[PDB]
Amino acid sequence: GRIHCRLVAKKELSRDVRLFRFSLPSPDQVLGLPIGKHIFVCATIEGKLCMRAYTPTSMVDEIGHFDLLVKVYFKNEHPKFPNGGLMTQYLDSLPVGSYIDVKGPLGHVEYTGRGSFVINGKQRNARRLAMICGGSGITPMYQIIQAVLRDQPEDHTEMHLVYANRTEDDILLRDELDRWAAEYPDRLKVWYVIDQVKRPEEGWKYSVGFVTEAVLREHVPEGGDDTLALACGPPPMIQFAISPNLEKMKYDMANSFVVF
């Protein structure tokens, strides 16, 4: 089922990331999206109506609006993908006032409370949570990462994050993560891995490069019992950069591996 939203405001955080501020058909409500799930921002472009999943980054109780952190895929920017992304340039193309119409809640992972998951049906639980995402696949994580902190401190779920990118200025939710990182070290381990390093004149200490066994070993809870791994990054990243290694750390690669 649909809901009629309206881009009430928008912000250009940088040369290609925008913070879109939508408003709900009714001021007295919240998006009410269940932690672990997502919403589809529908639109008909060219002739085809195309669904795209997006996980808002607003505090689950914001009344009257929801924010979307979007990284715009421009055409004339990449050799392999010369024509940009389909739903992003259309969104960067909407003037504040336009209506959009979402439809949730989709997905299959839901953080039902404390360690207690339910994947593809099965209720579950875990204390050590392994998180791995790159670029935009962090929002699916952030919602969770934000939910445990808001359950402080009876939610003892230990979360271990590895957040991949291409450059330092491309680390998305960073101030927020480096803020929490300090507040709740007893439960959130943050580690940045980056492809390049714009200016080391400054001094980048985190890893440089791709995500790999060493990185995983020295950063992600030993694949044991009551230890679940969640991941959200480009297909390749998962395929051969995250999938095999988590086996190499003895995780039950069959029921402990969920992917948004």
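In case it trips you up, residue 1 is the first one in the sequence shown, and so on.
Inset, instruction - Decide which of the stretches 24-32 and 219-227 has the higher mean C-alpha B-factor, going by the entry. - result: Looking at the recorded C-alpha B-factors, 219-227 comes out higher on average.
Inset, instruction - Select between 146-154 and 163-171 the stretch whose C-alpha atoms have the higher average B-factor in the entry. - result: Averaged over C-alpha atoms, the B-factors run higher in 146-154.
Legend entry - Highest recorded Cα temperature factor - choice among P185, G137, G85, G104: Answer, based on the entry's C-alpha B-factors: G85.
Legend entry - Highest recorded Cα temperature factor - choice among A53, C50, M59, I63: In the PDB entry, the greatest C-alpha B-factor among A53, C50, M59, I63 is found at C50.
Legend entry - Entry-reported Cα temperature factor of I119, expressed as the chain third it lands in: According to the entry, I119 has a C-alpha B-factor in the chain's middle third.
Legend entry - Third of the chain, ranked by Cα B-factor, where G203 sits: As the PDB entry reports it, the C-alpha B-factor of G203 lands in the highest third of its chain.
Legend entry - B-factor third for the C-alpha atom of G97 within its chain: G97: CA B-factor falls in the lowest third of its chain.
Legend entry - Chain thirds of CA B-factor: placement of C5: Ranked within chain, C5 CA B lands in the middle tercile.
Inset, instruction - Report the third (lowest, middle or highest) to which the CA temperature factor of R18 belongs, ranking only the modelled residues of the same chain. - result: Tercile = lowest for this residue's CA B-factor.
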